[PDB]
Protein chains: 2
Amino acid sequence: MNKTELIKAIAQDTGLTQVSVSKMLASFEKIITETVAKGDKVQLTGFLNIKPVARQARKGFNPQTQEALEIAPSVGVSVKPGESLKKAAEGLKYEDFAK
Amino acid sequence: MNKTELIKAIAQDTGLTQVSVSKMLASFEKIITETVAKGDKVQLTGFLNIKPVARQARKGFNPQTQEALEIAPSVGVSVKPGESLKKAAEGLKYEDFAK
């Protein structure tokens, strides 16, 4: 699925009026990517812990070629996929992917 | 934010009909986690890409005192690094966190 397929995901799980399925998802990244950049820890049930956390602010290796460094972390992306989808996955196409 | 905060995040980015803000987001996580679990490549425009991959895990008993068994049930709900959210993070104050 994606910013469009997901519109159908709500346009079908919901469908009510197709509100902005295309616009709410277009804004979803605008709020997902923008919230972390707005300063808010979005949290999807228990799988997408959207929340920014700094972890880098330098990377110029010494006067050599590959001795890169990094002293100071600036905003980052703490969030990640949780087990809510893996538990849902162990329940629908987990073995389907195995074979 | 969360299954309700992000709701208004789209209910406001939408404001068309507030479709089911409650049913589209509660189901969006139910479909986000359920799609990857259904076995579809869930993703977000160009910053997130949740994808499940048949995998497994084992060596922590359970039916007794837990700490010794040997199974392997664990799909791999991978994901992506939406830089649009990290680059947006540069917008919130990435360096401000580095200092």
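Things worth noting here:
- About the Cα centre, charge dipole magnitude for chain B (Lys/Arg +1, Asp/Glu -1 at Cβ), debye: 180
- Think of it as helices only: each DSSP H run of n ≥ 4 in chain A is worth -39500 (n - 2.57), and spread over all residues that comes to -11500 deg cm²/dmol at 222 nm.
- Entry note, chain A: relative contact order of 18 percent, from Cα contacts under 8 Å with a spacing of 6+ residues.
- Judged by the mean number of other Cβ atoms found within 10 Å, the most tightly packed of the peptides B:68-77, B:14-23 leads the ranking B:14-23, B:68-77.
- Within 10 Å of each Cβ in A:6-16, the average number of Cβ atoms from other chains: 6
- Fully extending the segment from A:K41 to A:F97, taken as 0.36 nm per residue of separation minus the present Cα-Cα distance, adds 17.0 nm.
- The Rg/Rh ratio of chain A, with Rg taken over Cα atoms and Rh as the Kirkwood radius over Cα pairs, comes to 1.15.
- Along region A:27-32 the Karplus relation, 6.51 cos²θ - 1.76 cosθ + 1.60 evaluated at θ = phi - 60°, assigns HN-Hα couplings of 7, 4, 5, 5, 9, 6 Hz to successive residues, with x for each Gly and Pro.
- Most tightly packed first, judged by the mean number of other beta-carbon atoms within 10 Å of their residues, the peptides B:29-38, B:87-96, B:47-56 read B:29-38, B:47-56, B:87-96.
- Per-residue average of Cβ from other chains inside 10 Å of A:62-69: 0
- Rounded, prolate or oblate (a/c below 1.5 giving rounded, otherwise prolate when a/b exceeds b/c) for region B:43-99 by Cα gyration tensor: oblate
- Per-residue HN-Hα couplings for region A:11-18 [Karplus 6.51, -1.76, 1.60; θ = phi - 60°; Hz; x = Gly/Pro]: 5, 10, 6, 10, x, 2, 9, 6
- Table column - 3J(HN,Hα) (Hz), region B:38-43, Karplus curve with 6.51, -1.76, 1.60, x for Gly and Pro: 6, x, 10, 6, 5, 7
- Other protein chain C-beta atoms within 10 Å of residue C-beta, averaged over A:38-50: 6.
Taken together, the values in this text are just the output of simple stated rules run on the coordinates, not laboratory data. In this analysis, Cβ positions are derived from the backbone assuming ideal geometry, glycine residues included, and neighbour counts consider all displayed protein chains.
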